[PDB]
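The structure appears right after this line, and notes come after that.
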There are 2 protein chains.
Amino acid sequence: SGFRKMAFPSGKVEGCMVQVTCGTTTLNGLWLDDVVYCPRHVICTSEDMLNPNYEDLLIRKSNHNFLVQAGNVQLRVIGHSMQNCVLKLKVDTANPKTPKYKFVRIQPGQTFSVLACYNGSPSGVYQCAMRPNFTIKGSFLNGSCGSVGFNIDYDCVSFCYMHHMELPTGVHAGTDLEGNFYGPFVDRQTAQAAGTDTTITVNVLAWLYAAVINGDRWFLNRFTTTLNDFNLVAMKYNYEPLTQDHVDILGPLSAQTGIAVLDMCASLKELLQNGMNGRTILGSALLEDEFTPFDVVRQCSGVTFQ
Amino acid sequence: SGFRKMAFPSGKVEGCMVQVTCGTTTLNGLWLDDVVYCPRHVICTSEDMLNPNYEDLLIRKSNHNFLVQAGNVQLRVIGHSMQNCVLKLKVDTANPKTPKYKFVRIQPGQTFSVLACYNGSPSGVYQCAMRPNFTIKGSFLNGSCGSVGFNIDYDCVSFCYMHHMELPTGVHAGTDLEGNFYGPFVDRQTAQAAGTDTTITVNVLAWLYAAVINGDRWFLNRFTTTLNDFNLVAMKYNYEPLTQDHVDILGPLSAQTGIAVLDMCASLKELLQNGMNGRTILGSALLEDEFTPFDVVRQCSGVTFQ
Ligand SMILES: C=Cc1cccnc1
Ligand SMILES: C=Cc1cccnc1
């Protein structure tokens, strides 16, 4: 037992991380086969950074303007191209550590592991979720641009996130690996802000099941509710609607615990309307919404990855 | 910015994990150079498991009783020996992925990353602390025996933990890599229990600094207190004493935030005596004690590892 915000083993990604320097800017790149992926604002200098015309900036660049370091080994850039908000730097060396991978865009509410990096060098790994407002509450300092987020499914790394910027509330915004930003953010200096967020309702339910599986039952009740009546309480508490599909995805956990999903909704409703009254759940005094149904089944079962 | 329970990149450890089978028992081993380290209760069967005489059990074993799988590659056991509560299985193959390592025993209060494993196959990574009662609040299922805990310091993996058992409250007990258990636990089936715990006071302070660095300041105050007066409040709230050395280790964070350590103690005291009154700190509604001063400086700075 136990329940921890658990990331995927990061080894397969660590051997893809490289350092991309261009001008005065150094950031992290993702080296897969003979291409390094990185944020396109590497070609900007501090005064480009305002309202840049990236297609103009890139024609003025040479291959040799791109210093790529794979550890202490220099990579020779033989080509460069722009795909949305990422650069694709073509190197003369395929990454022999290239894992099986995909470029997948995730949904708000889904989680992923983040291998935070500085100067192409991995620093830590931690689990995040894509907030309903398409931000992520990460832990990122200057130099972490180009750190990626990923899931791993057996041996395949599904890359889903490239880090690009911090927003003024301290949350983080970036792209999928195809260079398309998550949410209404841009790689310029504007007064952009996160925008209002919600709590991921299906994930709180999944985490309530995680609790029941792990022995916290004080919040259960005989009561039940309809899906409609639950959703009127969710809207009050800035929770995002629960759909029948969410109830369906919660079936396995309902099944394993013997707690009908709508019964669990009744419990959440009471938790939302009454607070916790000085008690905790899985060592938390808040309702946790960054574990998916997948994550709960993953730790409460024992699935691994080769 | 941001603050996340952050583990070390796990790649260097993942390439040491192997599967040790012996009889009906399968668990994880740690392969470094030509030796696999694993818990000695692998040589037990379900009825040995009560009060075993492990030295008797091991003389009855043959080298060939030990199936060692490094992925899909079998390792030939050429020798076996017992060091306290671990087995040392000598294999004919040095692990070519052996990182620079040390075997270090940690102190209660210090943290480490845990690469949870099943059948020698890494499942997830997460950060833990050694509780004052020498347990750890991990996330471990059947088959996770032999998963290790570690820190990484530049390129060197300091291994500190081998997982051995779950205790009836769901917390976890194990050994250092020299086979010596953390705390008064034994690798038998007894009615052993965790024993009373405390909150790691120095770590809460470090995390309060993490908050101030990240913009949460609502809990600060003009007040101050003496170290003695603080420790009388700590004892009330089951916090463990703060020493001058703890204050000394907190200097850098005091220095960077401009908040004297004893001023921060005053804040903790008010937080202990008043609660949080519906507010949160670093997204937590509880006082967090599983970040050391090192961990805070590590994320709030940007140290990495090669
Ligand atoms: C302001 C620090 C920062 C954080 C993430 C990305 N870029 C910069
Ligand atoms: C009871 C499950 C378990 C957890 C950790 C280690 N061993 C067994």
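Values reported hereafter were calculated over all heavy atoms of this structure, with side chains retained and with hydrogens, waters and symmetry mates removed. Order of appearance sets the numbers: ligands from 1, and atoms from 1 within every ligand. All chains are named by letter (A, B, ...) in the order of the sequence lines, taking the proteins before the strands, and each is independently numbered beginning at 1.
- No donor-acceptor contact under 3.5 angstrom links the side chains of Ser284(A) and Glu288(A), judged on distance only.
- In terms of protein heavy atoms, atom 1 (C) of ligand 1 is closest to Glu166(A) OE2, 4.1 Å.
- Here the heavy atom of the protein found nearest to atom 4 (C) of ligand 1 is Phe140(A) O, 3.3 Å.
- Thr175(B) and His164(B) form a side-chain donor-acceptor contact under 3.5 Å, judged by distance and modelled atom types alone.
- Given atom 6 (C) of ligand 1, the protein heavy atom at minimum distance is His163(A) NE2, 3.1 Å.
- Only one option out of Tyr161(B), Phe103(B), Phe159(B), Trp31(B) pairs with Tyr37(B) in a ring-ring contact (aromatic ring centres under 6.0 Å, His included); it is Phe103(B).
- In this pair, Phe140(B) and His163(B) present their aromatic rings parallel. The plane angle is below 30°, not in the 30 to 60° band.
- Residues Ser121(A) and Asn119(A) have side chains that never bring a donor and an acceptor to within less than 3.5 angstrom of each other.
- Atoms of ligand 1 lying under 4.0 Å from at least one heavy atom of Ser144(A), given by number and element, are 5 (C), 6 (C).
- Ligand-side atoms of ligand 2 in range of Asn142(B): 2 (C), 3 (C), range being under 4.0 angstrom from any heavy atom.
- Of all protein heavy atoms, the one lying nearest to atom 7 (N) of ligand 1 is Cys145(A) SG, 3.8 Å.
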